[PDB]
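Down below is the structure, laid out as structure tokens.
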Amino acid sequence: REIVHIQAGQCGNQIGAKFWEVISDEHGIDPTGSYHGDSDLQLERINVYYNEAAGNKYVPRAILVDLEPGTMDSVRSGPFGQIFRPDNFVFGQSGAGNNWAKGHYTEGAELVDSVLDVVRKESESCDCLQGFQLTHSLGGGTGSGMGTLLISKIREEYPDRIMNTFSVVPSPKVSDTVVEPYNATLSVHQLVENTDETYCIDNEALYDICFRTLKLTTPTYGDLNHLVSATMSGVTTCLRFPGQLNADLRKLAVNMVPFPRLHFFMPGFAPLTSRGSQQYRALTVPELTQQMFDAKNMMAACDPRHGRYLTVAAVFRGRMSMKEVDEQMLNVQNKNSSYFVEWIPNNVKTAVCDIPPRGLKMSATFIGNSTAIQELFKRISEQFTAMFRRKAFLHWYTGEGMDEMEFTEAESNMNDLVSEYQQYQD
Amino acid sequence: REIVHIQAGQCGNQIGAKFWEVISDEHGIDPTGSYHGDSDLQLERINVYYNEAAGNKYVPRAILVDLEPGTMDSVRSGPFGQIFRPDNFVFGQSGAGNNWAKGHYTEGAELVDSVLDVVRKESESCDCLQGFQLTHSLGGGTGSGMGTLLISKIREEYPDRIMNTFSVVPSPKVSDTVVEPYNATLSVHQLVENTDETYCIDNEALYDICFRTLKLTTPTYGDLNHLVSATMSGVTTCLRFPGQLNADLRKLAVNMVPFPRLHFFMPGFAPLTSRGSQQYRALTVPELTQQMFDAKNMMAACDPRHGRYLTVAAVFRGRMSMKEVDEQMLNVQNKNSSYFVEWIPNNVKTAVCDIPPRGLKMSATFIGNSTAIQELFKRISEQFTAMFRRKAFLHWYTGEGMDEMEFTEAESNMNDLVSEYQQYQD
Amino acid sequence: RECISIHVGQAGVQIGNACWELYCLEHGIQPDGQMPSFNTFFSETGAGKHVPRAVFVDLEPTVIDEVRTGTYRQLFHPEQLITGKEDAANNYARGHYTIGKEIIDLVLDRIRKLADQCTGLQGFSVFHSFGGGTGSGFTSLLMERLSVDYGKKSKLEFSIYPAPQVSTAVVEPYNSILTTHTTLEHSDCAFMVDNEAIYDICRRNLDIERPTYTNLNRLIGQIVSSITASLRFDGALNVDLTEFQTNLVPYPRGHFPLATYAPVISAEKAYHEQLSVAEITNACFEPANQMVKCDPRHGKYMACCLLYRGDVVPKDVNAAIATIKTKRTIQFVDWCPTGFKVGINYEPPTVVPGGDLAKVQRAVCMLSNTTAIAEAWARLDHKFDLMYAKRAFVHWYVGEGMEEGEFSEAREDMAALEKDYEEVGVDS
Amino acid sequence: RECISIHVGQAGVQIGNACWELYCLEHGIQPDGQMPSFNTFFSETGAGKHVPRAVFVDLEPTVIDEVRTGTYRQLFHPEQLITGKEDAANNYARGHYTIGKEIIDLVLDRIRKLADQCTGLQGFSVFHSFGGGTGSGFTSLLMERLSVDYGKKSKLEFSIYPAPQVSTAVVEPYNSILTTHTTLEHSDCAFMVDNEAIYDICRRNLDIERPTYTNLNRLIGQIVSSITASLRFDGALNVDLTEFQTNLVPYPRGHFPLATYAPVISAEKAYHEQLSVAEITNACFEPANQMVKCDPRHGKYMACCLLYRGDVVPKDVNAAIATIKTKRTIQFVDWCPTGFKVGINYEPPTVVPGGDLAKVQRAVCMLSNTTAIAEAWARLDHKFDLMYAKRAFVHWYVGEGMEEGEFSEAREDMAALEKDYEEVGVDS
Ligand SMILES: Nc1nc2c(ncn2[C@@H]2O[C@H](COP(=O)(O)OP(=O)(O)OP(=O)(O)O)[C@@H](O)[C@H]2O)c(=O)[nH]1
Ligand SMILES: Nc1nc2c(ncn2[C@@H]2O[C@H](COP(=O)(O)OP(=O)(O)OP(=O)(O)O)[C@@H](O)[C@H]2O)c(=O)[nH]1
Ligand SMILES: Nc1nc2c(ncn2[C@@H]2O[C@H](COP(=O)(O)OP(=O)(O)O)[C@@H](O)[C@H]2O)c(=O)[nH]1
Ligand SMILES: Nc1nc2c(ncn2[C@@H]2O[C@H](COP(=O)(O)OP(=O)(O)O)[C@@H](O)[C@H]2O)c(=O)[nH]1
Ligand SMILES: [Mg+2]
Ligand SMILES: [Mg+2]
């Protein structure tokens, strides 16, 4: 029944800053820590993410990890940085510098032991864990590097808990680190087989949505990470709150994974349009389904109609009829039958929660597992190869002891995921 | 039913300064000597530590001993130095200088006769003694040197009373006297077989706790000795006050000593965390047990999970259910079964008092007897040997007549305790 | 999270003067150290005075005396101000060996003292010039020791690139060739700028036809602050110095990223013109703002790092990157994908009161490693060769114990370096 | 709880002048003895005047007259001020024997008078110099008597260590060799400092290139006060003088702990710099603050005692110790575990008004016994040897009744002492 969340890397720490904000919004918990809500449900299932400390203080069940105090400090300095206890800030001193080898292989490795100890302390604080969630970037040093290391140890300690992670996937246009594909390649090599599932977030796609449908001209990462948190929070609240359908994360995982190795997801979100049009929108189930199916409302820079859909999850929040939902999902399946895989009859699955997100009447979360995902892997693998041949920045990595044959195997493994998507693309 | 306490050495005198302060806090006794409390219990069992002198004055049943008036004076100068009667200040003139030989063997020996006379006067003042307690340092001249001498004579006079002592054990990093291990070695040689039990306090560990969990950056010895007094006062109050379990010091001693020679203890204490987190803490029995088991909350620089646990005492203060306590202790035994010794079924014993420490809702004192203790002896013995071969400062000691063969036997005896811990470590 | 600045030689110190002045401007630090308010660079006293963690070395009293008599004399600790009596004479042979080697032990002990004051030494950086006696001579001597003691700390060097047309030091080629030999092998990364190129920037973007070094170093200071003050301050993407090294150095040789900085605009030029992030970065890929006289279009890129100040939205940056990747003529080496480091600080760009640059609301610094650098070495190759073939001025080194073979060797090491650039240019 | 200071010779007395001045500064004692407020050193009169329990001996009227005409002439009791008419002439033969032996009985009776004034004599300490006639000659004479009468009391000696380079006394080796012979065997512990080393401290840490003895003795006074005033004052760890002996003397030979003191900082150097306990103790293990010119890195440590003033938290001390034990290059002799005495007084460090040292909030004194001391003896060995081989100046001793065999013997005793250091150096 409970979940532990660990954030890492500057990305992960800033995403989590919005995530937790939202969760407390959902439950009426003040930036200082106490509960000042107003709904029974708000406290009722609070346990999944909060420990109530003496005084009616709620402690977010999460660990903030970094290798630079300053980022942690900036998190702590805002509202909701006060709700986190000092003991959840685990950090070192001297960066990682966006270096996998430092993060995973060497220096960051050193910190992980202290992180894990706190993890253990929290695992004991829970009655019964459902699972763990981690937030991070695929091409980052602590985000992926150190984060991955941690994951391999947590999974080891808890094989029976859900291990998932959401991660920022290097967008085709904006890479920061020259070896960002290298770090990503290494994380695939480690993560894929050490996780139950991973979500693919593309900032470029997010920037398109924010202007494309939301028509906004000023977003920052906090605004885009709001959208990210909308999908993350969407998933777990249902599990928390009363609904109609089947509201268990593990069951979601079961329904979305047809094969042990292909567990990559494309998140999307509805409704998600500018205020101008809000006066011209109608709120129906087909309306949400139109926004959910549309590739432009995906947060991943993929194109599901290019690939084939293996699995689709449609999560609904708010009062909807069962009939309408059933029929519209069927219609989707029918009309987009050319994209769905024939091996899975009725490949579109649903989940229904009766609690709407604060401020909306209804909402829906799109989760997909298509073959289209392989295109991201292909882009990375290719870029990787070029760098691999030149050893760009690999003296930094090999200087910290990372061996090229390990990287070679990592490359293969990327190619293996692509070939397996092809194996089920048919 | 009553206890006499004797403090010696600069350490012992300053620890006692906090100890007695706390005891008077517990009973509402003013720094000047009169009772101004407000609870029936506060006076009810006051007899164990105070004599009520005419005028509703309470005299702490303790003797302050030193060989330098100035330390005694500084004690006397503060609050609660006025509650002690002049007759409890027994001191000479000219130090000891942290020299066992002076303390025990020669000069300090001279003072002991006057100390003992006062002891006798107090033993008569009591109705029925339960025992005696002494506070001192293991590597100090008057603390251990003179103090030990006194102990051997008190035990002689009262074989049937409890003889225990709490002592500062030389921390691995901060020794003051070059021959501090020598003094300690000699005190083992004398103390172990002339005491019912001794507690092992490491200042280094204490400094870690104060920053580690208490997050404090200014402690002094008075703040650390506060923690010491918390454990000392924890033990005797239960004996004093109404509870549920079995509240007798001798019974504690019986339950904690499986073998005539292995009576060394590792004190620990809960709850013991910074104020920040106090808004995020929950107060339950498992909460206290988590803090009690955790080696970092031990006041001894040992590691109980390295060794094996022979005996564990869990003392609780405040209202708790019997069930909860029983179950959590069982759980501890179960989950940490790999550290407990198989010869003792249900090796974790409890004691329960219904009076909480002033200001807290609940608290717990951890007392353990592990094999891990032997590691401290090993460190000392080794250091000793090196010094022994060189006779460092032994001209001071041999100059005062201490013979090297006595020291040789002392070395053996240290090694004997280690071998006996090995004999029951299995 | 701490670092040490090292200022060797006039160039190193006078640039440092601008640098520490700027850091004072960044926080409102008074000349006496009183700061009412960046402890990564500074060490605090009980008076609230902060000491810049830096070492000033000059083997001639004069420049340090200039510091000692200026306003910042109260700021600097007397032990930070280290001076000898005699000079290197433009000559590695004395700078590294005969003269500078005598004082270096003191210097190192002051460094070590500061290293002990550091709690989390991230690393350090050394300011000097490729041609001078202490500027390059002594400098490499220092690296020889620092790389032992601080082997795992950042070893970033900043040096003035010898102007191809004007140089006051006739044996500068010889000095620089010797430094190559010894710095390549010890340092982690060396950055450089060309005062001639800078003059062109001053006259074209600032519209100033009278630049002095005190102007030139303000501009350098801007660049340095972007990577020193603002990298310790808050941002979206807080990039560390070790991260810089980890994101800028691709090979174990050295590498030599060159600086480019845009905005460099006079107050009047700022009027009537609106810069965006993208527009500023467009300027960053123009030869015109290249701080070293070396043509960006000649070579191929290997590394590139863009660091942002003030009003920068990643959204815009992303778009800008897309266009520089695809619109420009920037050729790049195969080895590299375009993973360009983006540092994004919220910390606004700062301007020196009484300076030449306009107040800007956003700013971008660019570091880049291009294959065109081999041409810079080619320049040195021939200049060295000419002198060495005639053996002009050789007695000024030989008399201090230098070997002719050594000089040949050093040239050859440079040739090898050029060959490695050749290698990188070959795409693969 | 009382003690006696003994000042023999100019060096002893002039140092004493600084010492008693400092004790007056410690409590606000007026020159006339009026104190408005440390009776371990002082004896009280009904007027509230306190008399420093000390004896001043000079065989030449002049220095004592200097006392007698200064401000502290009212402080000292006329009987404490003992003077002869003629000097020892740099010569043990007269100092210990021919001349000083005549007055010593008086001197002893004044000492005994004070011993009778003491109620709990803890002990005493003697201030002198290893090279002079009364400084070392008379001094050992005194020890010969004091060790009988006060055999169980502290016999701590403090002496100026003969500078290897400058000495005004040509027969100083001879004097010092004779003292070795007679002091080793009688005294409990002798401490020493090198005025040359001190000059280096004055010029490097105080930045003073003009030290006089009146400066030099202020610094000595600091060290002495740490162990004399502050050890009687309150602290956490109140350490006595007997405790000092019991914690510093490892063998029945002598031993000779050397002084080191950090902080020694000029006012300007104190600005902009924050010392911690740990930082001060770091300075204490630096050769640079070593008060004797003898290299700490050469020998091995046997003893070490650290005494703390003012704002010292044991917590910090513990951490500091951990690092000096493990971080440093301090080699130590097997025999010894690192039980270094920590004295921790709350009593703050004090500064002489108009002095050179900066007001500090905390301070650390270090005593240490290192094997490098044998080199100091080696210095004496050859200096003695040279003179003795030629028999230069020998008639100045022979004419007073000295024996040549005796001188050889004394050298041999020194050689034996060196051999024992050799022994200790051999680890075992
Ligand atoms: N940007 C900049 N370049 C400078 C400055 N001062 C000198 N330079 C350049 O650095 C080189 C001069 O080095 P010098 O001043 O001769 O020598 P040094 O390196 O200080 O050391 P010595 O030769 O021993 O005096 C020339 O190429 C100058 O153009 C300055 O303040 N700013
Ligand atoms: N630190 C310090 N050293 C001093 C002082 N006065 C003298 N000395 C040193 O002590 C030695 C001088 O001893 P003298 O003054 O010649 O003689 P004395 O020991 O007073 O006795 P006589 O030879 O009989 O006059 C030299 O090594 C001086 O450097 C002083 O005030 N302070
Ligand atoms: N959505 C999103 N992406 C971020 C944020 N911060 C950094 N990123 C992305 O993360 C990558 C850089 O890795 P970074 O987080 O700096 O690595 P690390 O900090 O060394 O672990 C780039 O692709 C950025 O676009 C953020 O707050 N939100
Ligand atoms: N916890 C604690 N330890 C102390 C105190 N005072 C001295 N110590 C310790 O005692 C040892 C020194 O012995 P000391 O008490 O001076 O001996 P004595 O005074 O000659 O009997 C060192 O290990 C100190 O850390 C104190 O007030 N509290
Ligand atoms: Mg110059
Ligand atoms: Mg004289």
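Identifiers for the structure tokens are assigned positionally: chains receive A, B, ... in sequence, residues are indexed from 1 per chain, and ligands are indexed from 1 in the order shown.
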
Self-check item: residue 161 in chain C environment, 6 Å, only C-alpha atoms, sequence neighbours closer than 3 positions dropped, as a ChimeraX atom specification
Solution: /C:130,192-194

Quiz prompt | Picked from range 46-190 of chain D by DSSP as helix (DSSP H, G or I), as a PyMOL selection string | solution = chain D and resi 61-68+71-73+92-98+100-117+133-149+172-183

If you keep C-alpha atoms, can you produce a file of those selected residues as a PDB file, in the first residue's frame?
ATOM      1  CA  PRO D  61      73.506  44.620  40.868  1.00  0.00           C
ATOM      2  CA  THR D  62      72.425  46.188  37.676  1.00  0.00           C
ATOM      3  CA  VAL D  63      69.527  44.067  36.511  1.00  0.00           C
ATOM      4  CA  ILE D  64      67.969  43.817  39.869  1.00  0.00           C
ATOM      5  CA  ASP D  65      68.447  47.516  40.179  1.00  0.00           C
ATOM      6  CA  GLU D  66      66.505  47.822  36.939  1.00  0.00           C
ATOM      7  CA  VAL D  67      63.684  46.058  38.720  1.00  0.00           C
ATOM      8  CA  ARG D  68      64.157  48.176  41.828  1.00  0.00           C
ATOM      9  CA  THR D  71      57.264  50.178  38.305  1.00  0.00           C
ATOM     10  CA  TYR D  72      57.263  46.784  39.678  1.00  0.00           C
ATOM     11  CA  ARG D  73      59.655  47.773  42.346  1.00  0.00           C
ATOM     12  CA  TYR D  92      80.244  27.979  35.470  1.00  0.00           C
ATOM     13  CA  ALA D  93      83.393  27.777  37.443  1.00  0.00           C
ATOM     14  CA  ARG D  94      82.514  30.934  39.227  1.00  0.00           C
ATOM     15  CA  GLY D  95      78.793  30.801  38.886  1.00  0.00           C
ATOM     16  CA  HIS D  96      78.343  27.397  40.372  1.00  0.00           C
ATOM     17  CA  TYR D  97      81.440  27.346  42.388  1.00  0.00           C
ATOM     18  CA  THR D  98      83.622  30.255  43.341  1.00  0.00           C
ATOM     19  CA  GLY D 100      77.698  32.010  43.402  1.00  0.00           C
ATOM     20  CA  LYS D 101      78.356  29.462  46.007  1.00  0.00           C
ATOM     21  CA  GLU D 102      78.886  32.194  48.492  1.00  0.00           C
ATOM     22  CA  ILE D 103      75.530  33.829  48.174  1.00  0.00           C
ATOM     23  CA  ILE D 104      73.387  30.775  47.521  1.00  0.00           C
ATOM     24  CA  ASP D 105      72.827  30.171  51.194  1.00  0.00           C
ATOM     25  CA  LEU D 106      70.995  33.458  51.481  1.00  0.00           C
ATOM     26  CA  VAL D 107      69.090  32.707  48.380  1.00  0.00           C
ATOM     27  CA  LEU D 108      68.072  29.348  49.727  1.00  0.00           C
ATOM     28  CA  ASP D 109      66.953  30.807  52.973  1.00  0.00           C
ATOM     29  CA  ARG D 110      64.701  33.239  51.157  1.00  0.00           C
ATOM     30  CA  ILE D 111      63.360  30.306  49.199  1.00  0.00           C
ATOM     31  CA  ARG D 112      62.812  28.351  52.364  1.00  0.00           C
ATOM     32  CA  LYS D 113      61.077  31.328  53.887  1.00  0.00           C
ATOM     33  CA  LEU D 114      58.716  31.312  50.968  1.00  0.00           C
ATOM     34  CA  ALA D 115      58.415  27.541  51.215  1.00  0.00           C
ATOM     35  CA  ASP D 116      57.277  28.096  54.772  1.00  0.00           C
ATOM     36  CA  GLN D 117      54.834  30.695  53.483  1.00  0.00           C
ATOM     37  CA  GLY D 133      77.537  32.136  34.188  1.00  0.00           C
ATOM     38  CA  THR D 134      74.695  32.597  36.532  1.00  0.00           C
ATOM     39  CA  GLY D 135      72.230  31.582  33.943  1.00  0.00           C
ATOM     40  CA  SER D 136      73.563  28.102  34.001  1.00  0.00           C
ATOM     41  CA  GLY D 137      76.316  27.971  36.556  1.00  0.00           C
ATOM     42  CA  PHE D 138      74.459  29.257  39.547  1.00  0.00           C
ATOM     43  CA  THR D 139      71.296  27.649  38.370  1.00  0.00           C
ATOM     44  CA  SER D 140      72.623  24.155  38.699  1.00  0.00           C
ATOM     45  CA  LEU D 141      74.047  25.003  42.060  1.00  0.00           C
ATOM     46  CA  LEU D 142      70.580  25.867  43.172  1.00  0.00           C
ATOM     47  CA  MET D 143      69.156  22.650  41.834  1.00  0.00           C
ATOM     48  CA  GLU D 144      71.692  20.749  43.879  1.00  0.00           C
ATOM     49  CA  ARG D 145      70.154  22.127  47.025  1.00  0.00           C
ATOM     50  CA  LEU D 146      66.566  22.378  45.965  1.00  0.00           C
ATOM     51  CA  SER D 147      66.433  18.765  44.951  1.00  0.00           C
ATOM     52  CA  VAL D 148      67.364  17.837  48.475  1.00  0.00           C
ATOM     53  CA  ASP D 149      65.016  20.046  50.325  1.00  0.00           C
ATOM     54  CA  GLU D 172      78.989  28.714  26.071  1.00  0.00           C
ATOM     55  CA  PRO D 173      79.521  25.145  24.841  1.00  0.00           C
ATOM     56  CA  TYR D 174      81.625  24.558  27.891  1.00  0.00           C
ATOM     57  CA  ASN D 175      79.071  26.075  30.130  1.00  0.00           C
ATOM     58  CA  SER D 176      76.242  24.147  28.631  1.00  0.00           C
ATOM     59  CA  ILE D 177      78.097  20.888  28.687  1.00  0.00           C
ATOM     60  CA  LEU D 178      78.767  21.301  32.347  1.00  0.00           C
ATOM     61  CA  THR D 179      75.167  22.046  32.949  1.00  0.00           C
ATOM     62  CA  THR D 180      74.046  18.986  31.178  1.00  0.00           C
ATOM     63  CA  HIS D 181      76.096  16.970  33.458  1.00  0.00           C
ATOM     64  CA  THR D 182      74.665  18.569  36.502  1.00  0.00           C
ATOM     65  CA  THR D 183      71.139  19.337  35.473  1.00  0.00           C
TER      66      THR D 183
END

Practice problem: Pull out every residue of chain D that has at least one atom within 10 Å of chain C, counting only C-alpha atoms, and report them as a list in words. | Solution: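 Close enough to count are residues 204, 205, 268, 269, 270, 271, 272, 273, 274, 275, 279, 282 and 283 of chain D.
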
Exercise. Collect all residues with atoms no farther than 12 Å from ligand 5, counting only C-alpha atoms and all ligand atoms, and output them as a PyMOL selection string.
Key: chain C and resi 7-14+57-64+83-91+95+128-129+131-138+169

Suppose we keep N, CA, C and O atoms; can you now write the selection as a tab-separated table (two decimals), in the first residue's frame?
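What follows is the written file result22.tsv:
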chain	number	residue	atom	x	y	z
C	7	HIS	N	46.94	33.81	-9.66
C	7	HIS	CA	47.33	34.87	-10.57
C	7	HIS	C	48.82	35.00	-10.66
C	7	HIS	O	49.46	35.49	-9.73
C	8	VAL	N	49.36	34.54	-11.78
C	8	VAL	CA	50.80	34.59	-11.97
C	8	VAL	C	51.21	35.53	-13.07
C	8	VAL	O	50.75	35.45	-14.22
C	9	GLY	N	52.10	36.43	-12.71
C	9	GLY	CA	52.61	37.34	-13.71
C	9	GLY	C	51.77	38.59	-13.77
C	9	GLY	O	50.70	38.65	-13.16
C	10	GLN	N	52.22	39.59	-14.54
C	10	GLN	CA	51.37	40.77	-14.61
C	10	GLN	C	50.05	40.49	-15.18
C	10	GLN	O	49.04	40.97	-14.68
C	11	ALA	N	50.08	39.76	-16.28
C	11	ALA	CA	48.87	39.48	-16.98
C	11	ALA	C	47.92	38.74	-16.06
C	11	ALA	O	46.74	39.07	-15.97
C	12	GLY	N	48.46	37.77	-15.33
C	12	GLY	CA	47.63	37.02	-14.42
C	12	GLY	C	47.04	37.88	-13.32
C	12	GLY	O	45.85	37.76	-13.00
C	13	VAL	N	47.88	38.73	-12.74
C	13	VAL	CA	47.44	39.59	-11.67
C	13	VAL	C	46.54	40.72	-12.08
C	13	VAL	O	45.54	40.98	-11.41
C	14	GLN	N	46.88	41.42	-13.15
C	14	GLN	CA	46.03	42.50	-13.59
C	14	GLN	C	44.69	42.00	-14.08
C	14	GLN	O	43.68	42.68	-13.90
C	57	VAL	N	51.05	35.95	-7.43
C	57	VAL	CA	52.48	35.79	-7.56
C	57	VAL	C	53.13	36.69	-8.56
C	57	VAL	O	52.79	36.69	-9.76
C	58	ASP	N	54.10	37.44	-8.07
C	58	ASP	CA	54.86	38.23	-9.02
C	58	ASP	C	56.29	38.22	-8.54
C	58	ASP	O	56.58	38.34	-7.37
C	59	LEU	N	57.20	38.06	-9.46
C	59	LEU	CA	58.57	37.98	-9.04
C	59	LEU	C	59.22	39.34	-9.04
C	59	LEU	O	60.38	39.49	-8.66
C	60	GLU	N	58.46	40.32	-9.48
C	60	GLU	CA	58.85	41.69	-9.43
C	60	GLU	C	57.89	42.40	-8.56
C	60	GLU	O	56.68	42.35	-8.80
C	61	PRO	N	58.37	43.08	-7.55
C	61	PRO	CA	57.51	43.74	-6.65
C	61	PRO	C	56.46	44.67	-7.16
C	61	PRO	O	55.34	44.67	-6.63
C	62	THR	N	56.77	45.38	-8.22
C	62	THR	CA	55.86	46.37	-8.70
C	62	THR	C	54.38	46.09	-8.88
C	62	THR	O	53.57	46.87	-8.38
C	63	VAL	N	54.00	45.02	-9.55
C	63	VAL	CA	52.58	44.82	-9.76
C	63	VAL	C	51.85	44.47	-8.50
C	63	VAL	O	50.72	44.89	-8.27
C	64	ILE	N	52.48	43.66	-7.68
C	64	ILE	CA	51.84	43.37	-6.43
C	64	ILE	C	51.77	44.61	-5.58
C	64	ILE	O	50.80	44.80	-4.84
C	83	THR	N	55.63	38.25	-3.37
C	83	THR	CA	56.51	38.82	-4.35
C	83	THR	C	57.96	38.50	-4.15
C	83	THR	O	58.45	38.36	-3.02
C	84	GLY	N	58.61	38.36	-5.28
C	84	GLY	CA	60.04	38.12	-5.32
C	84	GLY	C	60.68	39.47	-5.58
C	84	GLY	O	60.00	40.48	-5.40
C	85	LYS	N	61.96	39.46	-5.95
C	85	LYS	CA	62.66	40.69	-6.31
C	85	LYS	C	63.08	40.78	-7.73
C	85	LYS	O	63.29	41.88	-8.24
C	86	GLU	N	63.20	39.64	-8.37
C	86	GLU	CA	63.69	39.68	-9.71
C	86	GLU	C	63.04	38.79	-10.65
C	86	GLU	O	62.58	37.68	-10.37
C	87	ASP	N	63.11	39.33	-11.81
C	87	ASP	CA	62.48	38.71	-12.88
C	87	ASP	C	63.11	37.69	-13.73
C	87	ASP	O	64.34	37.54	-13.88
C	88	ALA	N	62.12	37.06	-14.32
C	88	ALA	CA	62.33	36.00	-15.21
C	88	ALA	C	62.81	36.39	-16.53
C	88	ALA	O	63.35	35.56	-17.24
C	89	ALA	N	62.66	37.64	-16.82
C	89	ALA	CA	63.11	38.16	-18.04
C	89	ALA	C	62.62	37.52	-19.23
C	89	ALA	O	63.41	37.19	-20.11
C	90	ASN	N	61.31	37.40	-19.23
C	90	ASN	CA	60.76	36.81	-20.39
C	90	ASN	C	61.29	35.48	-20.69
C	90	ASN	O	61.40	35.12	-21.86
C	91	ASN	N	61.55	34.71	-19.68
C	91	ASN	CA	62.31	33.58	-20.02
C	91	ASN	C	62.08	32.45	-19.10
C	91	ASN	O	62.43	32.46	-17.92
C	95	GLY	N	62.17	31.62	-15.23
C	95	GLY	CA	60.86	31.58	-14.64
C	95	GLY	C	60.51	30.24	-14.05
C	95	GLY	O	60.03	30.15	-12.92
C	128	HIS	N	47.37	33.44	-16.50
C	128	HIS	CA	48.71	33.78	-16.93
C	128	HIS	C	48.76	34.15	-18.42
C	128	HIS	O	47.75	34.48	-19.04
C	129	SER	N	49.96	34.17	-18.98
C	129	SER	CA	50.15	34.45	-20.40
C	129	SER	C	51.15	33.57	-21.04
C	129	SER	O	52.24	33.35	-20.51
C	131	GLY	N	53.27	33.98	-23.17
C	131	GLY	CA	54.60	34.33	-23.51
C	131	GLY	C	55.53	34.79	-22.47
C	131	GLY	O	56.73	34.92	-22.75
C	132	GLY	N	55.03	34.99	-21.29
C	132	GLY	CA	56.01	35.60	-20.47
C	132	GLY	C	56.83	34.67	-19.62
C	132	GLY	O	56.59	33.45	-19.54
C	133	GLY	N	57.77	35.28	-18.93
C	133	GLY	CA	58.66	34.54	-18.08
C	133	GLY	C	57.97	33.93	-16.89
C	133	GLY	O	58.14	32.74	-16.59
C	134	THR	N	57.18	34.73	-16.20
C	134	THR	CA	56.51	34.12	-15.09
C	134	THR	C	55.19	33.64	-15.56
C	134	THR	O	54.68	32.60	-15.14
C	135	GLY	N	54.69	34.41	-16.53
C	135	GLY	CA	53.42	34.12	-17.15
C	135	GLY	C	53.41	32.71	-17.68
C	135	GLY	O	52.39	32.02	-17.56
C	136	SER	N	54.50	32.23	-18.24
C	136	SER	CA	54.39	30.85	-18.66
C	136	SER	C	55.41	29.97	-18.01
C	136	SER	O	55.11	28.81	-17.71
C	137	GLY	N	56.60	30.52	-17.80
C	137	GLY	CA	57.65	29.80	-17.10
C	137	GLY	C	57.24	29.28	-15.74
C	137	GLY	O	57.13	28.08	-15.48
C	138	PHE	N	57.07	30.23	-14.85
C	138	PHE	CA	56.68	29.91	-13.49
C	138	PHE	C	55.40	29.13	-13.41
C	138	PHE	O	55.24	28.22	-12.59
C	169	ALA	N	57.64	40.32	-26.89
C	169	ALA	CA	58.59	39.35	-26.43
C	169	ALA	C	59.16	38.56	-27.58
C	169	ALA	O	58.52	37.68	-28.15

Exercise. Using only C-alpha atoms, determine which residues of chain A fall within 6 Å of chain C; present them as a PyMOL selection string.
Key: chain A and resi 97+173-178+386-387+390+392-393+395

Export C-alpha atoms of the chosen residues as a compact mmCIF listing (two decimals), in the first residue's frame?
# COMPACT_ATOMS: atom_id res chain seq x y z
CA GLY A 97 29.46 16.77 -13.32
CA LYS A 173 17.35 18.91 -30.36
CA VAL A 174 18.51 19.71 -26.95
CA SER A 175 21.23 17.80 -25.51
CA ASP A 176 23.34 19.38 -22.97
CA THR A 177 26.03 17.00 -22.49
CA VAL A 178 28.04 15.97 -25.30
CA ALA A 386 29.80 7.87 -33.63
CA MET A 387 30.96 9.01 -30.28
CA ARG A 390 35.94 8.64 -31.25
CA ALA A 392 34.60 11.69 -27.03
CA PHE A 393 34.86 12.50 -23.41
CA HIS A 395 38.78 9.79 -21.31
